[PDB]
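Colleague: You'll find start08.cif just under this line, and it carries mmCIF, N, CA and C atoms.
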```cif
data_final
#
loop_
_atom_site.label_atom_id
_atom_site.label_comp_id
_atom_site.auth_asym_id
_atom_site.auth_seq_id
_atom_site.Cartn_x
_atom_site.Cartn_y
_atom_site.Cartn_z
N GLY A 1 32.33 55.32 -29.61
CA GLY A 1 31.95 54.15 -30.43
C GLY A 1 30.96 53.26 -29.72
N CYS A 2 31.16 51.96 -29.78
CA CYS A 2 30.28 51.01 -29.13
C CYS A 2 30.65 50.85 -27.66
N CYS A 3 29.85 51.49 -26.79
CA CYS A 3 29.92 51.30 -25.35
C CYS A 3 30.21 49.85 -24.95
N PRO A 4 30.92 49.65 -23.83
CA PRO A 4 31.11 48.32 -23.24
C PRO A 4 29.76 47.71 -22.85
N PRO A 5 29.68 46.37 -22.75
CA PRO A 5 28.43 45.67 -22.41
C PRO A 5 27.88 46.10 -21.06
N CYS A 6 27.01 47.08 -21.10
CA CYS A 6 26.47 47.68 -19.90
C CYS A 6 24.99 47.33 -19.76
N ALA A 7 24.29 47.31 -20.89
CA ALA A 7 22.85 47.09 -20.91
C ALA A 7 22.50 45.64 -20.59
N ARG A 8 23.50 44.77 -20.60
CA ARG A 8 23.27 43.36 -20.31
C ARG A 8 23.28 43.11 -18.80
N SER A 9 23.46 44.17 -18.03
CA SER A 9 23.50 44.06 -16.59
C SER A 9 22.21 44.59 -15.97
N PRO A 10 21.31 43.68 -15.53
CA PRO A 10 20.02 44.06 -14.92
C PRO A 10 20.18 44.89 -13.65
N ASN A 11 21.31 44.73 -12.99
CA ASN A 11 21.59 45.49 -11.77
C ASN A 11 22.08 46.89 -12.11
N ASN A 12 22.47 47.07 -13.36
CA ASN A 12 23.01 48.34 -13.83
C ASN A 12 22.10 48.95 -14.88
N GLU A 13 21.08 49.64 -14.39
CA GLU A 13 20.07 50.34 -15.22
C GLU A 13 20.66 51.35 -16.21
N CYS A 14 21.99 51.38 -16.33
CA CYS A 14 22.71 52.31 -17.21
C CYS A 14 22.11 52.39 -18.61
N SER A 15 21.32 51.38 -18.99
CA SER A 15 20.71 51.32 -20.31
C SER A 15 19.88 52.58 -20.61
N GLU A 16 19.51 53.32 -19.57
CA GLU A 16 18.77 54.57 -19.75
C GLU A 16 19.62 55.60 -20.50
N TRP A 17 20.78 55.92 -19.94
CA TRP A 17 21.66 56.93 -20.53
C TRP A 17 22.63 56.32 -21.53
N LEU A 18 22.78 55.00 -21.49
CA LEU A 18 23.74 54.29 -22.32
C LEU A 18 23.53 54.56 -23.81
N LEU A 19 22.33 55.01 -24.16
CA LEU A 19 21.96 55.25 -25.54
C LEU A 19 22.80 56.37 -26.16
N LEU A 20 23.40 57.20 -25.31
CA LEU A 20 24.27 58.27 -25.78
C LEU A 20 25.67 57.73 -26.02
N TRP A 21 25.99 56.63 -25.37
CA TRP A 21 27.31 56.01 -25.47
C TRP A 21 27.38 55.08 -26.65
N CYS A 22 26.24 54.60 -27.11
CA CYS A 22 26.22 53.55 -28.09
C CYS A 22 24.82 53.29 -28.57
N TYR A 23 24.74 52.67 -29.73
CA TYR A 23 23.48 52.31 -30.33
C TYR A 23 23.72 51.15 -31.29
N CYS A 24 24.98 51.02 -31.70
CA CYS A 24 25.44 49.87 -32.46
C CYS A 24 25.20 48.58 -31.68
#
```
Show me this structure written as structure tokens.
Modeller:
Amino acid sequence: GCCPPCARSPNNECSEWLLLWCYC
């Protein structure tokens, strides 16, 4: 479902792969 707030963390570039975890 909707990934935990990961992309809001500038230190955590997870936003790259996070798109597979969530898009909502």
Colleague: What is the atom C of residue 11 (chain A)-CA of residue 24 (chain A) distance in Å, reported with one decimal?
Modeller: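 One can read the atom C of residue 11 (chain A) to CA of residue 24 (chain A) distance as 20.8 Å.
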Colleague: Can you pull out the residues contacting residue 1 (chain A)? Cut-off 8 Å, using only C-alpha atoms, and skip same-chain residues under 2 positions away; I want them as a PyMOL selection string.
Modeller: chain A and resi 3+21-22
Colleague: Using Å and a single decimal, report how far atom N of residue 23 (chain A) sits from atom C of residue 8 (chain A).
Modeller: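 Pair atom C of residue 8 (chain A) / atom N of residue 23 (chain A) returns 14.6 Å.
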Colleague: For the atom pair atom N of residue 5 (chain A) and CA of residue 18 (chain A), what is the interatomic distance in Å to one decimal place?
Modeller: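 Computing the Euclidean distance for atom N of residue 5 (chain A) and CA of residue 18 (chain A) yields 9.9 Å.
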Colleague: Centre and edge lengths, as AutoDock Vina command-line options, for the axis-aligned box enclosing every listed atom of region 2-7 of chain A with 3 Å of padding on each of the six sides, in Å to one decimal?
Modeller:
```
--center_x 26.8 --center_y 48.8 --center_z -24.8 --size_x 14.7 --size_y 12.3 --size_z 16.0
```
Colleague: Tell me which residues come within 7 Å of (22.1, 50.7, -21.7), as an mmCIF file with N, CA and C atoms, keeping the file's coordinate frame, counting all atoms listed in the file in the file's coordinates.
Modeller:
```cif
data_model
loop_
_atom_site.group_PDB
_atom_site.id
_atom_site.type_symbol
_atom_site.label_atom_id
_atom_site.label_comp_id
_atom_site.auth_asym_id
_atom_site.auth_seq_id
_atom_site.Cartn_x
_atom_site.Cartn_y
_atom_site.Cartn_z
ATOM 1 N N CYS A 6 27.010 47.080 -21.100
ATOM 2 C CA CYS A 6 26.470 47.680 -19.900
ATOM 3 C C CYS A 6 24.990 47.330 -19.760
ATOM 4 N N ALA A 7 24.290 47.310 -20.890
ATOM 5 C CA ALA A 7 22.850 47.090 -20.910
ATOM 6 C C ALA A 7 22.500 45.640 -20.590
ATOM 7 N N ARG A 8 23.500 44.770 -20.600
ATOM 8 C CA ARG A 8 23.270 43.360 -20.310
ATOM 9 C C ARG A 8 23.280 43.110 -18.800
ATOM 10 N N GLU A 13 21.080 49.640 -14.390
ATOM 11 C CA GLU A 13 20.070 50.340 -15.220
ATOM 12 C C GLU A 13 20.660 51.350 -16.210
ATOM 13 N N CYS A 14 21.990 51.380 -16.330
ATOM 14 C CA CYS A 14 22.710 52.310 -17.210
ATOM 15 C C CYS A 14 22.110 52.390 -18.610
ATOM 16 N N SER A 15 21.320 51.380 -18.990
ATOM 17 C CA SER A 15 20.710 51.320 -20.310
ATOM 18 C C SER A 15 19.880 52.580 -20.610
ATOM 19 N N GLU A 16 19.510 53.320 -19.570
ATOM 20 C CA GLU A 16 18.770 54.570 -19.750
ATOM 21 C C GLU A 16 19.620 55.600 -20.500
ATOM 22 N N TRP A 17 20.780 55.920 -19.940
ATOM 23 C CA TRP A 17 21.660 56.930 -20.530
ATOM 24 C C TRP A 17 22.630 56.320 -21.530
ATOM 25 N N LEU A 18 22.780 55.000 -21.490
ATOM 26 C CA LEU A 18 23.740 54.290 -22.320
ATOM 27 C C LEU A 18 23.530 54.560 -23.810
ATOM 28 N N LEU A 19 22.330 55.010 -24.160
ATOM 29 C CA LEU A 19 21.960 55.250 -25.540
ATOM 30 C C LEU A 19 22.800 56.370 -26.160
#
```
Colleague: Would you mind writing down, as a ChimeraX atom specification, each residue of chain A that DSSP on the backbone assigns to helix (DSSP H, G or I)?
Modeller: /A:13-16,18-20
Colleague: Could you add the missing atoms to chain A, up to N, CA, C and O atoms, and return them as a PDB file, in the coordinates of the input?
Modeller:
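As a result, part_26.pdb now contains:
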```
ATOM      1  N   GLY A   1      32.330  55.320 -29.610  1.00  0.00           N
ATOM      2  CA  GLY A   1      31.950  54.150 -30.430  1.00  0.00           C
ATOM      3  C   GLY A   1      30.960  53.260 -29.720  1.00  0.00           C
ATOM      4  O   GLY A   1      30.007  53.753 -29.115  1.00  0.00           O
ATOM      5  N   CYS A   2      31.160  51.960 -29.780  1.00  0.00           N
ATOM      6  CA  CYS A   2      30.280  51.010 -29.130  1.00  0.00           C
ATOM      7  C   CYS A   2      30.650  50.850 -27.660  1.00  0.00           C
ATOM      8  O   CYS A   2      31.659  50.233 -27.326  1.00  0.00           O
ATOM      9  N   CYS A   3      29.850  51.490 -26.790  1.00  0.00           N
ATOM     10  CA  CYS A   3      29.920  51.300 -25.350  1.00  0.00           C
ATOM     11  C   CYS A   3      30.210  49.850 -24.950  1.00  0.00           C
ATOM     12  O   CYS A   3      29.810  48.902 -25.644  1.00  0.00           O
ATOM     13  N   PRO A   4      30.920  49.650 -23.830  1.00  0.00           N
ATOM     14  CA  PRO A   4      31.110  48.320 -23.240  1.00  0.00           C
ATOM     15  C   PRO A   4      29.760  47.710 -22.850  1.00  0.00           C
ATOM     16  O   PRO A   4      28.786  48.435 -22.658  1.00  0.00           O
ATOM     17  N   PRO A   5      29.680  46.370 -22.750  1.00  0.00           N
ATOM     18  CA  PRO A   5      28.430  45.670 -22.410  1.00  0.00           C
ATOM     19  C   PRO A   5      27.880  46.100 -21.060  1.00  0.00           C
ATOM     20  O   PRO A   5      28.238  45.541 -20.019  1.00  0.00           O
ATOM     21  N   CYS A   6      27.010  47.080 -21.100  1.00  0.00           N
ATOM     22  CA  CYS A   6      26.470  47.680 -19.900  1.00  0.00           C
ATOM     23  C   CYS A   6      24.990  47.330 -19.760  1.00  0.00           C
ATOM     24  O   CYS A   6      24.507  47.032 -18.669  1.00  0.00           O
ATOM     25  N   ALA A   7      24.290  47.310 -20.890  1.00  0.00           N
ATOM     26  CA  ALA A   7      22.850  47.090 -20.910  1.00  0.00           C
ATOM     27  C   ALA A   7      22.500  45.640 -20.590  1.00  0.00           C
ATOM     28  O   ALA A   7      21.340  45.320 -20.332  1.00  0.00           O
ATOM     29  N   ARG A   8      23.500  44.770 -20.600  1.00  0.00           N
ATOM     30  CA  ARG A   8      23.270  43.360 -20.310  1.00  0.00           C
ATOM     31  C   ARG A   8      23.280  43.110 -18.800  1.00  0.00           C
ATOM     32  O   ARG A   8      23.137  41.977 -18.353  1.00  0.00           O
ATOM     33  N   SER A   9      23.460  44.170 -18.030  1.00  0.00           N
ATOM     34  CA  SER A   9      23.500  44.060 -16.590  1.00  0.00           C
ATOM     35  C   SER A   9      22.210  44.590 -15.970  1.00  0.00           C
ATOM     36  O   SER A   9      21.993  45.799 -15.902  1.00  0.00           O
ATOM     37  N   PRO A  10      21.310  43.680 -15.530  1.00  0.00           N
ATOM     38  CA  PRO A  10      20.020  44.060 -14.920  1.00  0.00           C
ATOM     39  C   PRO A  10      20.180  44.890 -13.650  1.00  0.00           C
ATOM     40  O   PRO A  10      19.290  45.656 -13.280  1.00  0.00           O
ATOM     41  N   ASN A  11      21.310  44.730 -12.990  1.00  0.00           N
ATOM     42  CA  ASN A  11      21.590  45.490 -11.770  1.00  0.00           C
ATOM     43  C   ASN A  11      22.080  46.890 -12.110  1.00  0.00           C
ATOM     44  O   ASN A  11      22.056  47.796 -11.281  1.00  0.00           O
ATOM     45  N   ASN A  12      22.470  47.070 -13.360  1.00  0.00           N
ATOM     46  CA  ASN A  12      23.010  48.340 -13.830  1.00  0.00           C
ATOM     47  C   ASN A  12      22.100  48.950 -14.880  1.00  0.00           C
ATOM     48  O   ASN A  12      22.279  48.754 -16.083  1.00  0.00           O
ATOM     49  N   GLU A  13      21.080  49.640 -14.390  1.00  0.00           N
ATOM     50  CA  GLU A  13      20.070  50.340 -15.220  1.00  0.00           C
ATOM     51  C   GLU A  13      20.660  51.350 -16.210  1.00  0.00           C
ATOM     52  O   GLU A  13      19.911  52.104 -16.834  1.00  0.00           O
ATOM     53  N   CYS A  14      21.990  51.380 -16.330  1.00  0.00           N
ATOM     54  CA  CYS A  14      22.710  52.310 -17.210  1.00  0.00           C
ATOM     55  C   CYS A  14      22.110  52.390 -18.610  1.00  0.00           C
ATOM     56  O   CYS A  14      22.344  53.351 -19.334  1.00  0.00           O
ATOM     57  N   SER A  15      21.320  51.380 -18.990  1.00  0.00           N
ATOM     58  CA  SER A  15      20.710  51.320 -20.310  1.00  0.00           C
ATOM     59  C   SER A  15      19.880  52.580 -20.610  1.00  0.00           C
ATOM     60  O   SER A  15      19.593  52.866 -21.766  1.00  0.00           O
ATOM     61  N   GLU A  16      19.510  53.320 -19.570  1.00  0.00           N
ATOM     62  CA  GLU A  16      18.770  54.570 -19.750  1.00  0.00           C
ATOM     63  C   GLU A  16      19.620  55.600 -20.500  1.00  0.00           C
ATOM     64  O   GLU A  16      19.238  56.082 -21.559  1.00  0.00           O
ATOM     65  N   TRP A  17      20.780  55.920 -19.940  1.00  0.00           N
ATOM     66  CA  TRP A  17      21.660  56.930 -20.530  1.00  0.00           C
ATOM     67  C   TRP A  17      22.630  56.320 -21.530  1.00  0.00           C
ATOM     68  O   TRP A  17      23.238  57.037 -22.329  1.00  0.00           O
ATOM     69  N   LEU A  18      22.780  55.000 -21.490  1.00  0.00           N
ATOM     70  CA  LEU A  18      23.740  54.290 -22.320  1.00  0.00           C
ATOM     71  C   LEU A  18      23.530  54.560 -23.810  1.00  0.00           C
ATOM     72  O   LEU A  18      24.434  54.389 -24.619  1.00  0.00           O
ATOM     73  N   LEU A  19      22.330  55.010 -24.160  1.00  0.00           N
ATOM     74  CA  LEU A  19      21.960  55.250 -25.540  1.00  0.00           C
ATOM     75  C   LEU A  19      22.800  56.370 -26.160  1.00  0.00           C
ATOM     76  O   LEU A  19      22.916  56.477 -27.383  1.00  0.00           O
ATOM     77  N   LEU A  20      23.400  57.200 -25.310  1.00  0.00           N
ATOM     78  CA  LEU A  20      24.270  58.270 -25.780  1.00  0.00           C
ATOM     79  C   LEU A  20      25.670  57.730 -26.020  1.00  0.00           C
ATOM     80  O   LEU A  20      26.437  58.296 -26.810  1.00  0.00           O
ATOM     81  N   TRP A  21      25.990  56.630 -25.370  1.00  0.00           N
ATOM     82  CA  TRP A  21      27.310  56.010 -25.470  1.00  0.00           C
ATOM     83  C   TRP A  21      27.380  55.080 -26.650  1.00  0.00           C
ATOM     84  O   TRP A  21      28.471  54.788 -27.146  1.00  0.00           O
ATOM     85  N   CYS A  22      26.240  54.600 -27.110  1.00  0.00           N
ATOM     86  CA  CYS A  22      26.220  53.550 -28.090  1.00  0.00           C
ATOM     87  C   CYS A  22      24.820  53.290 -28.570  1.00  0.00           C
ATOM     88  O   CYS A  22      23.838  53.643 -27.918  1.00  0.00           O
ATOM     89  N   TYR A  23      24.740  52.670 -29.730  1.00  0.00           N
ATOM     90  CA  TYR A  23      23.480  52.310 -30.330  1.00  0.00           C
ATOM     91  C   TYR A  23      23.720  51.150 -31.290  1.00  0.00           C
ATOM     92  O   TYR A  23      22.806  50.401 -31.631  1.00  0.00           O
ATOM     93  N   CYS A  24      24.980  51.020 -31.700  1.00  0.00           N
ATOM     94  CA  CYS A  24      25.440  49.870 -32.460  1.00  0.00           C
ATOM     95  C   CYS A  24      25.200  48.580 -31.680  1.00  0.00           C
ATOM     96  O   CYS A  24      25.868  48.371 -30.642  1.00  0.00           O
TER      97      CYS A  24
END
```
